[PDB]
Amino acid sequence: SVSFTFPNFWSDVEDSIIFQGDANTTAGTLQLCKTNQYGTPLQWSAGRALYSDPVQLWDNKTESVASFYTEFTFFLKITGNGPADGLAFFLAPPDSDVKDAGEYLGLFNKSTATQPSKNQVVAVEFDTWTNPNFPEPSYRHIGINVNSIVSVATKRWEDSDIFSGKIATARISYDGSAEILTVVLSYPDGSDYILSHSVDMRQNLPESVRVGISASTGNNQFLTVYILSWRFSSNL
């Protein structure tokens, strides 16, 4: 029963948005991590923007899982060749706070990343990191995660797009009936990515959630992520 539209971020914004970590607005943009005055991205930073109004994912009683659609556009301002880590759209309990930086995208802690029982987060990640010592695919990719840093579904994200210097459009939908989460990543280039997989929102998250977007940086300082717009709609 929640829907919102942010054509950009020049409005006040802090009514409807909750900023965690480095998260802040920057020129009608949503900037998740912080940068120098010389515009260089700070190391090991995490940031998340959450919509201030909770969403009914499921209802114990009247029993069924909500369906929702979300859309947002972003830009990967990349300088060097070690872009990391990226961003993610996610759902979490209303009181969730930012987590670890690095490949955790401020969604997971270093120690319990793989233990589903100790987590409250379902997300769609857009990863540009390439750390082999981390649970794979091991290459830059788009993935769906359910209370774990090891994705149930992954789709490779070609560098030609990642470093395109173009605005990408992310479309995430969830059919709370067929319980299928779909992710479509579009580039004006025409190139698109479609990723779909089963997710049980009832078994992994509480009845009420907060929807948000987060980013994090690691060692390198070659990446800055900007969210230019974000729309959302849910129905239970």
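Position 1 is the first residue in the sequence shown; the rest follow in order.
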Practice task
May I ask you to compare 41-49 and 167-175 by their mean CA B factor in the entry and name the higher one?
Solution key: 41-49
Problem - Of 130-138 and 73-81, the stretch whose C-alpha atoms average the higher B-factor in the entry - result: 130-138
Handout entry: Top Cα B factor in the deposited entry, candidates 123, 98, 87, 150
Key = 150
Problem - Candidate residues 216, 25, 11, 224, the one whose C-alpha B factor the record puts highest - result: 11
Practice task
Consider only the C-alpha atoms of the modelled residues in this chain, order them by B-factor as the entry records it, and name the third containing residue 234: lowest, middle or highest.
Solution key: middle
Practice task
Would you mind ranking residue 65 by its C-alpha B-factor against the rest of the chain and naming the third, lowest, middle or highest?
Solution key: highest
Problem - Modelled-residue ranking by C-alpha temperature factor, third containing residue 184 - result: lowest
Practice task
Using the B-factor values recorded in the entry, state whether the Cα atom of residue 146 falls in the lowest, middle or highest third among the modelled residues of its chain.
Solution key: middle
Exercise for the section: Among all modelled residues of this chain, ranked by Cα B factor, put residue 92 in the bottom, middle or top third, i.e. lowest, middle or highest. Expected result: lowest
